[PDB]
Every structure is written in structure tokens, then in C-alpha cells.
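What follows is a short report on a single structure.
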Amino acid sequence: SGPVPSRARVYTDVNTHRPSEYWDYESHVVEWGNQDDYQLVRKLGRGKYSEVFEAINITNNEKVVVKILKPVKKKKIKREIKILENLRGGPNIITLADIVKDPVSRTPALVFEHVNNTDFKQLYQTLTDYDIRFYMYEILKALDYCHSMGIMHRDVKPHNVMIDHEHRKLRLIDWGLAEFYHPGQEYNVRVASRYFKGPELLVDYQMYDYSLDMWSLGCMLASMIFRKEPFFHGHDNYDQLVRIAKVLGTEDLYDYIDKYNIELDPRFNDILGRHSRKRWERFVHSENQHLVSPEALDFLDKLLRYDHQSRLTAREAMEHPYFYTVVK
Ligand SMILES: COC(=O)CC(=O)NCCCNCc1ccc(-c2ccccc2)c(Cl)c1
Ligand SMILES: Cc1ccc(O)c(C(=O)O)c1
């Protein structure tokens, strides 16, 4: 009679018990600031429907970041604004400082606190085992907070984690794909970036939850400790599941599909094959052995699981022995 329903093991009913004002982003009243308070400095990057600039707030001479959105879907912009306002002040969440519009071009923009991004290319060679544990803990603070607030980020990846290494400061950014969690809701599986997509998205299981972010975090941890970027290198969404199955094995994949009565897409028929469950110790090499430990591999094993309900929650992850050396 179709797939088996699922719900989050934590913060299941946080939105259910809150008034509509909190989660009904379509009814939210957006109020513009003065675009003339900002002078654009330089282009930082581009998204599918966004351009990000460093700017200066001319009223206080403080640097900010301005994300100009191509308003292809108004409802999506309202959602990102409402989520950002709800989460404002959370640990390691990027702070939305203002929302402005360009009257001429009819374009909205979001203004954020400035983060001085450290270029990872130089950082990646210098990070120690302790540094990886420290920053992983900072990401978990951000995720436990947003999950506790009934929000799934749905786009956890290295590009969305900004680190100012000199000040040991981390911010989780780009809440454009984030959504409110409502138990039993069937969500769109076209979220997250290919390498970071959880198995639930790849098998088109729509009743997913906060645990999706924990898979994505597991992919980032594996890539950092093993110095393998990305860890699961799929060439398309179907091949992405095959890359996962080459590590986790096909036996546990069938156990997962069976548990939720998922119908595997026919496109998997000639590409999935048969794969044994690999030991995590097989990814250890001379280049990465100084970042790997038994505690790291046990932690990784508890995140990178097909069954979304079996993965550690952000709060359980924070209590793992891997973080015994970090200040809580
Ligand atoms: C144009 O858009 C923007 O300006 C945004 C923008 O500039 N983004 C680039 C941010 C790239 N961050 C790279 C990075 C570095 C280290 C880690 C990490 C290492 C060890 C443990 C935990 C995390 C992560 Cl996850 C990411
Ligand atoms: C600070 C910052 C930089 C780039 C971005 O794309 C964002 C965001 O989308 O929230 C934030």
C-alpha cells in the first residue's frame, strides 16, 4: 500500500505545538530596510539564482555580506527569510542583519553579518585531528539548534560552512533550501548537492527529517579525515547511490528499502550490482593516518547509515567520545 511512514526520533512535534505565526512563512510580512545604507565592494560568488557581494554599511562603516536573489520563486524567498528570522542568534547560525530591495531592477537582497572566509586549500593541509573535532563540534551546535527549532537545513556541504580560522569562528550559511519539519510531511527529494545527498533522497523516500543533515555531515567528516574530496563521488543521482553502496554494501541497502517498503526505481536495475560492506579502516592511508582514530571511525560509522532513523541525532553526536577532547 506504498511506503511505510517515518518520523524524526527527536524534536518531532516542535512545530505542531507552536502557533502558525512561527512556521507559516507564506503569511509572514516582510519589511524592507534602506538599500542606500549599503555600498557593494566586491563579488564573492554566484549561486543558481543568487549573487553574493561583500558590502559596507555606510551608516556604521561595518562590513556586511549582501546576497542578491533572482526572484524566480517568491514563496522560496519568504521561506528563507522566515527561517533566518526564527534562527537569528542561534549558535554558529549566520545572522540576517537586514532585507533590502532594488526598486529599479525589482530585486530582493538579504544582508548578513560579515564572515572572513579562510581559503580551505591552505587550511586542509594544516588542520590537525583536534581542529577537525573542534569545527565538527561547532557545526553540531548549529544543527542541534536548528533541529530544536523545527528546521532541517537540507544543504549541509563544505561551501555552506564558513570558517574564519584566525578567530576559530564558524557559521552555517545558505538557508535557501531549509524547511520546517512537520511529522508525516512528504518533502521534495530534489534538495542537497549530489555528493551530500542522503540515501533517502536517492531512493525517492519523501518522509525524511533532520537525520538528512546528519548524513551530509557524515560525508563532510569522511572527506576531512580521509582526505578524499568528495567521499562519495557520484556522476549523477542514480550513480550517487551506487557510490554509497560500494562502501556500505548492498545487503544493508535492501534491508533499508524493505523496512520502509520503498520501490527501487528501474534505473537502478543494471547499475547497482552486488557489493560487500567495507571496513572503514580500508580508507586509512599514509596521507590521512594522522587524522584517523578508533573514536573517529566509530563516530563516522554511526552517521553514515542507510537507515535515517538509526543515525545519531545532533545531540547524541555531541555526546560521542570523539568530542571528549573539545570544550562543550
Ligand atoms: C560565494 O559564497 C560565499 O562567499 C560562501 C563561501 O565563501 N563559502 C566557502 C566556504 C568553504 N568552507 C570550507 C570548509 C573548511 C573546513 C571545513 C571543516 C573542516 C574540519 C571539520 C569541520 C569542517 C568545512 Cl565543513 C568547510
Ligand atoms: C555570509 C554568507 C555568505 C554567502 C552566502 O551565500 C550566505 C547565505 O546564503 O546565507 C551567507
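In the C-alpha cells, chains take letters A, B, ... by order of appearance, with residues numbered from 1 within each chain and ligands from 1 in the order shown.
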For region 156-189 of chain A against region 128-141 of chain A, with a cut-off of 10 Å and counting only C-alpha atoms, what is the closest atom pair and its distance in Å to one decimal for every residue that makes the cut, ordered by chain and number, as a Markdown table?
```
| residue | atom | partner | partner_atom | distance |
| --- | --- | --- | --- | --- |
| A:156 | CA | A:139 | CA | 9.5 |
| A:161 | CA | A:139 | CA | 7.9 |
| A:163 | CA | A:135 | CA | 8.5 |
| A:165 | CA | A:135 | CA | 9.7 |
| A:168 | CA | A:135 | CA | 8.3 |
| A:169 | CA | A:138 | CA | 8.5 |
| A:170 | CA | A:138 | CA | 6.7 |
| A:171 | CA | A:139 | CA | 7.8 |
| A:172 | CA | A:139 | CA | 7.0 |
```
Please report as CSV every residue of chain A lying within 10 Å of ligand 2, along with the nearest atom pair and their distance in Å (one decimal), using only C-alpha atoms and all ligand atoms.
```
residue,atom,partner,partner_atom_place_in_ligand_line,distance
A:44,CA,ligand 2,4 (C),7.6
A:45,CA,ligand 2,4 (C),7.7
A:46,CA,ligand 2,6 (O),8.1
A:47,CA,ligand 2,6 (O),7.6
A:50,CA,ligand 2,6 (O),7.8
A:51,CA,ligand 2,6 (O),7.9
A:52,CA,ligand 2,4 (C),5.9
A:53,CA,ligand 2,4 (C),8.0
A:54,CA,ligand 2,3 (C),8.5
A:64,CA,ligand 2,1 (C),8.0
A:65,CA,ligand 2,1 (C),5.6
A:66,CA,ligand 2,3 (C),7.7
A:67,CA,ligand 2,6 (O),6.2
A:68,CA,ligand 2,6 (O),9.3
A:69,CA,ligand 2,9 (O),9.6
A:80,CA,ligand 2,10 (O),9.1
A:84,CA,ligand 2,10 (O),8.6
A:93,CA,ligand 2,10 (O),9.1
A:94,CA,ligand 2,1 (C),6.4
A:95,CA,ligand 2,1 (C),8.2
A:96,CA,ligand 2,10 (O),7.9
A:110,CA,ligand 2,10 (O),8.1
A:111,CA,ligand 2,11 (C),8.3
A:112,CA,ligand 2,1 (C),5.7
A:113,CA,ligand 2,1 (C),6.4
A:114,CA,ligand 2,1 (C),5.8
A:115,CA,ligand 2,1 (C),5.6
A:116,CA,ligand 2,1 (C),8.5
A:117,CA,ligand 2,1 (C),8.7
A:159,CA,ligand 2,6 (O),8.7
A:160,CA,ligand 2,6 (O),7.4
A:161,CA,ligand 2,2 (C),9.2
A:162,CA,ligand 2,1 (C),7.5
A:171,CA,ligand 2,1 (C),7.8
A:172,CA,ligand 2,10 (O),7.7
A:173,CA,ligand 2,10 (O),4.1
A:174,CA,ligand 2,9 (O),3.3
A:175,CA,ligand 2,10 (O),5.9
A:176,CA,ligand 2,9 (O),6.9
A:177,CA,ligand 2,9 (O),9.9
```
* Out of region 148-263 of chain A, which residues get strand (DSSP E or B) from DSSP, as an MDAnalysis selection string? -> chainID A and resid 151:152 161:164 169:172 179:180
Please produce a file of the residues just selected, as a PDB file, in the first residue's frame, where the atoms kept are N, CA and C atoms.
```
ATOM      1  N   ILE A 151      13.618  23.013  12.256  1.00  0.00           N
ATOM      2  CA  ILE A 151      14.117  23.299  10.906  1.00  0.00           C
ATOM      3  C   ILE A 151      15.180  22.327  10.464  1.00  0.00           C
ATOM      4  N   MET A 152      15.076  21.849   9.201  1.00  0.00           N
ATOM      5  CA  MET A 152      16.110  20.989   8.576  1.00  0.00           C
ATOM      6  C   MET A 152      16.845  21.912   7.598  1.00  0.00           C
ATOM      7  N   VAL A 161      29.619  26.009   4.926  1.00  0.00           N
ATOM      8  CA  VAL A 161      30.226  26.125   6.250  1.00  0.00           C
ATOM      9  C   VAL A 161      31.396  27.124   6.103  1.00  0.00           C
ATOM     10  N   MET A 162      31.231  28.324   6.657  1.00  0.00           N
ATOM     11  CA  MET A 162      32.285  29.335   6.600  1.00  0.00           C
ATOM     12  C   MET A 162      33.090  29.334   7.855  1.00  0.00           C
ATOM     13  N   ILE A 163      34.426  29.305   7.706  1.00  0.00           N
ATOM     14  CA  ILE A 163      35.307  29.316   8.875  1.00  0.00           C
ATOM     15  C   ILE A 163      36.287  30.478   8.772  1.00  0.00           C
ATOM     16  N   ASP A 164      36.397  31.260   9.848  1.00  0.00           N
ATOM     17  CA  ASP A 164      37.391  32.322   9.999  1.00  0.00           C
ATOM     18  C   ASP A 164      38.366  31.707  11.004  1.00  0.00           C
ATOM     19  N   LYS A 169      36.114  30.824  14.386  1.00  0.00           N
ATOM     20  CA  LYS A 169      34.709  31.176  14.202  1.00  0.00           C
ATOM     21  C   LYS A 169      34.141  30.408  13.022  1.00  0.00           C
ATOM     22  N   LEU A 170      32.965  29.778  13.211  1.00  0.00           N
ATOM     23  CA  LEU A 170      32.318  29.005  12.147  1.00  0.00           C
ATOM     24  C   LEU A 170      30.871  29.462  12.046  1.00  0.00           C
ATOM     25  N   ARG A 171      30.349  29.529  10.804  1.00  0.00           N
ATOM     26  CA  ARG A 171      28.954  29.875  10.583  1.00  0.00           C
ATOM     27  C   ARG A 171      28.379  28.927   9.509  1.00  0.00           C
ATOM     28  N   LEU A 172      27.191  28.389   9.772  1.00  0.00           N
ATOM     29  CA  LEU A 172      26.435  27.598   8.789  1.00  0.00           C
ATOM     30  C   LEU A 172      25.575  28.608   8.030  1.00  0.00           C
ATOM     31  N   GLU A 179      13.829  23.898   5.444  1.00  0.00           N
ATOM     32  CA  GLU A 179      12.377  23.724   5.508  1.00  0.00           C
ATOM     33  C   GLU A 179      11.956  23.441   6.942  1.00  0.00           C
ATOM     34  N   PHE A 180      10.674  23.750   7.256  1.00  0.00           N
ATOM     35  CA  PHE A 180      10.122  23.411   8.565  1.00  0.00           C
ATOM     36  C   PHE A 180       9.777  21.934   8.561  1.00  0.00           C
TER      37      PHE A 180
END
```
* Test item: residues at most 8 Å from residue 249 (chain A), only C-alpha atoms, excluding those fewer than 4 positions along its chain, as a ChimeraX atom specification -> /A:244-245,253,274-278
* Would you mind telling me which residue in A:239, A:31, A:204, A:229 lies nearest to ligand 1 when using only C-alpha atoms and all ligand atoms? =>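 So, comparing all the options, the nearest one is A:229.
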* **A:73, A:78, A:190, A:227 ranked by distance to ligand 1, top pick (using only C-alpha atoms and all ligand atoms)** =>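 Closest to ligand 1, using only C-alpha atoms and all ligand atoms: A:227.
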* Quick one: pull the distance between CA of residue 242 (chain A) and CA of residue 220 (chain A), Å, one decimal. => 18.3 Å
* **Contacts of residue 34 (chain A) within 10 Å, only C-alpha atoms, excl. fewer than 3 positions in-chain, as a PyMOL selection string** => chain A and resi 37-38+98-102
